[PDB]
Structure formats: structure tokens, C-alpha cells
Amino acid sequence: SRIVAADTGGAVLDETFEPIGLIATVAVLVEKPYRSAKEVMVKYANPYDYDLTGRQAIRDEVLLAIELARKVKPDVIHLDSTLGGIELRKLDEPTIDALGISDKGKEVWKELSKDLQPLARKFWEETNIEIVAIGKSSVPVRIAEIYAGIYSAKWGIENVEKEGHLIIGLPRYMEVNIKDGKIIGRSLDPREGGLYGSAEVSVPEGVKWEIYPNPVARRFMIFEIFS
């Protein structure tokens, strides 16, 4: 089985540790043994002027996953939305209103559905690839979240000159390490079976970074970067 999955992302934080905007969306291709990505694509947002309210995030994920799936032709796309295991193709207002999710969730999806559902139908019609809202039980979605963290740290090493100082909130329970030109990212949860990832990075001279727990977000780490 060969799976494409997408996720956003790390976050730029305040001094207060409050998030101001998300950084990276990543789409990944995952095959046996399902511990890492075979292939990756990335799209960076503007974490300043990002609306944390609403889901520009899921819109970008679907879009990016479709793009990579056209290239790599997986059997299926996994979407990070825990809706059962349902096909995005079939998410019209009626089937949404029959879902076992909160009323607030239903409203959010009806707005999303207006364009995402025709998009998934068209994509399916010409590729036969389903987009399944499986969410939390998907290992590829988790791998994509690790990569979103990895490329958020990359976006931080790279953008720390423009900005003077960067506080980046990493996705849940993951660590990032930089040695000799590459960034390696890992789940901190051994229960997930050794999920990891990698990317190349060019470290400007004299930039330092530390990784440590976010005191106000337990189980999340901070990646802090100085110039």
C-alpha cells in the first residue's frame, strides 16, 4: 500500500508563547515499512498575516496532496480530519448533517465542502484516487506532521536573519536535530514505532538554536533560533 498524506504545520510564537501563524504544509508519500517519507513536497505560508481562525490549512493540504498524488500515483490519500473514514468525494451538506460530529464541526465542513467536495470528485474521476478523512489513526498523516515540523525548523534557520529572533512551536511530541547540514525530525512517542524524517538545511553563520519544552503547552516543544 502506497499512501499520500498532508499536514500543516509548525507555528511562529509570541514571547507569550501564543501562536501568531502556521508555517509549513507538507505532503508526503509513504510506503512500507511506513516509518518515513519516500518523497515530499512543501508549501510555506506567511505566518504573519495568517488567519488561525478557520481552515485555510485543510484547503492547502487537500490541494498539496492532490498535487503530489498526481505525480506519485498512490492508492489513496489520507486526510487529517477524523470523520470516520469517509471519502471527501461524498461530503455534501446532507451526508455531513448525518455525521456523528459536533454541530460546530458540521458547520465548518459545510463551508469547506462547497469547494473541497467538487475538487475531490473531479480528482477521483480522472485518477480513481479517494481522499479519506481518517485522521488520527493514520500513520502517514502523523509522518506528514513530523515533516511539517521539520520544514518549519528549516523555515526558521533560513528566515532568522529577516526576523531577529524566532520562537517556533513544533507539532506534538516531536524533536528536531541539526547535524552537518541536515535536519532530522522524530516522534518522541516510542509507541508510534520509530517515525522519523529528514531534510537538508543551510545554516547561516553564527545562528544558534535550542530545543526545549513549551512550558504552557505540555508535550509540545519549542525550537528557538537566534541570529
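The first residue of the shown sequence is 1; numbering continues from there.
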- Task: Identify the stretch, either 146 to 154 or 96 to 104, whose C-alpha atoms have the larger mean B-factor according to the entry.
- Result: 96 to 104
- Per the entry, higher mean C-alpha B factor between 20 to 28 and 200 to 208: 200 to 208
- Message: Given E175, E192, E163, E61, identify the residue with the highest C-alpha B factor in the PDB entry.
- Response: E163
- In terms of the CA temperature factor given in the entry, to which third of its chain does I77 belong: lowest, middle or highest? lowest
- Of the three thirds of the chain ranked by Cα temperature factor, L112 occupies the middle
- Task: Sorting the chain's modelled residues by C-alpha B-factor, tell me whether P140 ends up in the lowest, middle or highest third.
- Result: lowest
- Message: Considering every modelled residue of the chain and its Cα B-factor in the PDB entry, is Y44 in the lowest, middle or highest third?
- Response: middle
- Item | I167 - which third its CA temperature factor falls in, relative to the rest of the chain | middle
